[PDB]
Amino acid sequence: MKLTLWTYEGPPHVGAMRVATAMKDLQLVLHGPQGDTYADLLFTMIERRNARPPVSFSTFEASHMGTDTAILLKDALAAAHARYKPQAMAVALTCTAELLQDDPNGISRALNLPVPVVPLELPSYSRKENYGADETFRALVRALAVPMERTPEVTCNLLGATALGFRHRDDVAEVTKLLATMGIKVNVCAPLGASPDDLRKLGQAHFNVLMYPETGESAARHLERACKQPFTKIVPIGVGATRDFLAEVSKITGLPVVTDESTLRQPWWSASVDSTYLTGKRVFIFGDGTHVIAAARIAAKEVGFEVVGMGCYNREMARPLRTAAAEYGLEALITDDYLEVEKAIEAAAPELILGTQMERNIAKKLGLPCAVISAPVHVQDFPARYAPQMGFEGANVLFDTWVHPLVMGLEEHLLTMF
């Protein structure tokens, strides 16, 4: 047992929910107790979606346990299909249902529905939300994706964008712009916006843009084996990383890198004398691996901060984070325990924290400037306005976001000699 107050990630069944909710025409059925529908509110309230998530629970409770639990699951699968007529379905267990001995694969096969029902294996006691998403998406791609002739024009798939993803909406929009300027169109963006039938047509793309390793890595590897599609290893967050990404895409496709830099303003903002006070400001960085790695490079090489701590809560990204941290002369903090993040922050004594909503509150407690760079996030970090982290507009956004919490040059000079 572990005494727990805050968790960076939910159970893996929430990751499954955010693949299903990202997609259209797919119904996810979770074998779970009455009460677990609380997770629907994540989508309707934080992301403020205008429809109920395409997820239903078998809803077992004290008066229908034992042999009834298997029946409730059967009914839930049947009722979801009859009502919604999805192109495909997924079935999975909640943490409580994992302690039961019902077989969702055998139950779903005996029902013999006219569409695919993809069973999911989500270990709730050892794995978490991000794995849930990655494995659900992988299981669905392995069930539906098929070798095809390439599109006549150079196209890619976008992989890894989900419901409840930090700036997934606008990152998709911004990355699509980056590729279009190079004459590359998107075939399928998945899971976000995609149907099961779209997943069937994934193989006609020339390559894949792996937007978020935590939610797309496994499906990217399968598509590389099944569809012989290279996938990008560089995540275009930051000006440098966006350039490396485009050079990577160029190597994959043989197309020249073309950019539209008419609204790229971050480099000049950072080069201007307004920003010289930012030099050597000590920054602690925490969140998921993808966003922490990206932030550290921007911090050190684009904004001129001294990176004084780097860590992530998802140990699936521990390898690349350890590799990244070493470039800064740092050992990576790999932990899901916020108290250990708090200790590390206090020890590093930074001037700025870049992290999660939890680090926002640690920073408040310590009286320290903080900006959000990563999920978990509250409703404010699901904005109405265009707010990408990726590409050139994302660099603009990130500059404004990070310098905001910091008192300015003049103020600093008045708070020392006066």
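The numbering used is simple: start at 1 and walk along the sequence shown.
Taking the PDB entry as given, 101-109 carries the higher mean Cα B factor of the two stretches 101-109 and 333-341. Annotation for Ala92: CA B-factor lies in the middle third of the chain's modelled residues.
Among the modelled residues of its chain, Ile353 has a C-alpha B-factor that falls in the middle third according to the deposited record. When the CA B factors of the chain's modelled residues are split into thirds, the value for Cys370 lands in the middle one.
Sort the modelled residues of the chain by CA B factor and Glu346 lands in the highest third. Remark: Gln34 belongs to the middle third of its chain, ranked by C-alpha B-factor as recorded.
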